[PDB]
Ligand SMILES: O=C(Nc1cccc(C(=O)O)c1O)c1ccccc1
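In the block that follows, a single chain appears as structure tokens, in the form deposited without the ligand.
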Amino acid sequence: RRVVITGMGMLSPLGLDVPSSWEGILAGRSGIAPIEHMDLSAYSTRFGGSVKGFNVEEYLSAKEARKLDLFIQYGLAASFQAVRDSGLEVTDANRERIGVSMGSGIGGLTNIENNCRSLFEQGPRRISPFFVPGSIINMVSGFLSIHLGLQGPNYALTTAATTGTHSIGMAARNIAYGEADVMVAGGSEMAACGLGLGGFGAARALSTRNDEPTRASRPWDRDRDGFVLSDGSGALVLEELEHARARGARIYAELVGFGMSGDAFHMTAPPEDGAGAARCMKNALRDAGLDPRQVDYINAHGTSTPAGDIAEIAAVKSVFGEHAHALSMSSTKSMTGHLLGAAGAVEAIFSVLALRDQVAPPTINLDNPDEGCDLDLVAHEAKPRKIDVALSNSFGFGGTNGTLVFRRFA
């Protein structure tokens, strides 16, 4: 059973929908700025990718919204955009065949931090009654199903940077194997609180380029110093092909492959050859029935880390051989930063749009490619080119790897 993309939705540091975000991507625009919503003078990193000007009231009543952490509000916004974009009418004849898989890396950290402050100052009577339902990761899937009447498979992944990739891949598996005809899948993140910036800062994971936030995210650049923490959400409507065809749906692209692997190497550090990423990409290509030479575009994991970026080049060279010099690969995290559990979702949308528009997004900030970083990394400016097959990679903490493969639809 074939799986197509019929609807997409997004909040990112570049825009409050897909068209606005993609316009930013193609123009080489950074969404990274000093963070406004808290005082970070004690933190080593004081900048990130925030969602600008979000109005939850476009999606939910002020009543419903006050009960939900920002990561849920973001996930719901993306989901509602995707469902609307799909044109699907939910009925009694199909509602059991429509499910949801929206994940998060960290979930309701802001809500946890604020409730923790009330707990320590006052005691447990100050904890919100909506604290649990409004903070737990599966409540994007939960609330979406309730609002739209979706009675199909209902779950949530939490796999760090791989969350959105795994969410989409496993949703596509549900449709492929007949457990559902439609799935809303992707991920959401809002970890820009004291615990998030302080936590990743304590692990020395973040860029500390406070003087030039728009230059901080620089995948494959010799002066990269860690990732940029970013917020938002991505959602796709995945649909069985015959189901989509029958209702006259607009098909953006086909989801042809999903691969997974584990490094089984280290908690935060990748193998220097990227062997786990290599296995993952090969698993996805095998799943899609594609040779490496059929790949035209890779949306890289490319988080702007010393070890991670070079390991991904190594894995691409291993998988693609001489064809590694013919494909284009870029990291849109150059512009968006690292959306953690949303990264795979937004990057899947950017991969589908590279197929729609026949354009490889840039890697901005790639001033001085490091040793070995000699592929077409689409430095600086978008590249019009032929793109039949687009791959999206995500490699998360714990060495958990996921690859999606999208194809132009015939």
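Heads up: residue numbers just count along the shown sequence, starting at 1. Here, rigid core means the biggest group of C-alpha atoms that superpose within 1.5 Å across both forms.
Of the two stretches examined, 99 to 107 and 119 to 127, the one with higher mean CA deviation in 4 other deposited structures of this protein after a rigid core fit is 119 to 127. Between stretches 346 to 354 and 39 to 47, greater average Cα displacement in 4 other deposited structures of this protein relative to the shown form, fitted by the core, falls on 39 to 47.
Of the two stretches examined, 128 to 136 and 277 to 285, the record assigns the greater average C-alpha temperature factor to 128 to 136. For the pair 221 to 229 and 115 to 123, the record assigns the higher mean C-alpha temperature factor to 115 to 123. Which of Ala311, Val184, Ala249, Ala172 has the largest Cα B-factor in the deposited entry comes down to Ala249. By the numbers in the PDB entry, the CA B factor is greatest at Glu242 among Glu242, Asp296, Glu189, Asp263.
The entry lists a Cα temperature factor for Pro270 that places it in the highest third of the chain's modelled residues. Per-chain ranking of the deposited C-alpha B factor places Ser351 in the lowest third.
Annotation for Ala410: C-alpha temperature factor in the highest third relative to the rest of the modelled chain, per the entry.
Compared with the other modelled residues of the chain, the Cα B-factor recorded for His166 ranks in the lowest third. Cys193: CA B factor lies in the highest third for its chain, per the PDB record.
Form solved in complex with the ligand: not shown, discussed below.
With the site C-alphas superimposed, the ligand pose in the entry with it bound sets the ligand onto this chain such that no atom is closer than 2.4 Å to backbone or C-beta atoms; an open site results.
For the residues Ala249, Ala156, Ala324, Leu148, the 4.5 Å heavy atom test against the ligand in the entry with it bound is passed only by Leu148. Proximity to the ligand in the entry with it bound, taken as a non-hydrogen atom within 4.5 angstroms, holds for one residue of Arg84, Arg126, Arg222, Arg245, which is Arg84.
At a distance threshold of 4.5 angstroms between non-hydrogen atoms, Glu36 is out of contact with the ligand in the entry with it bound. Among residues of the shown chain, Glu371 is not one whose heavy atoms approach the ligand to within 4.5 Å in the entry with it bound. Remark: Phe80 counts among the residues lining the ligand in the entry with it bound, judged by a heavy atom distance of 4.5 Å or less. When contacts are judged by a 4.5 Å heavy atom cut-off, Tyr43 does not count as touching the ligand in the entry with it bound. The chain is drawn here without the ligand; in the entry with it bound, the stretch among 56 to 64, 380 to 388, 361 to 369, 348 to 356 whose residues come within 4.5 Å of it by any heavy atom is 56 to 64. Shown without its partner, the chain has no residue in segment 190 to 227 with a non-hydrogen atom within 4.5 angstroms of the ligand in the entry with it bound.
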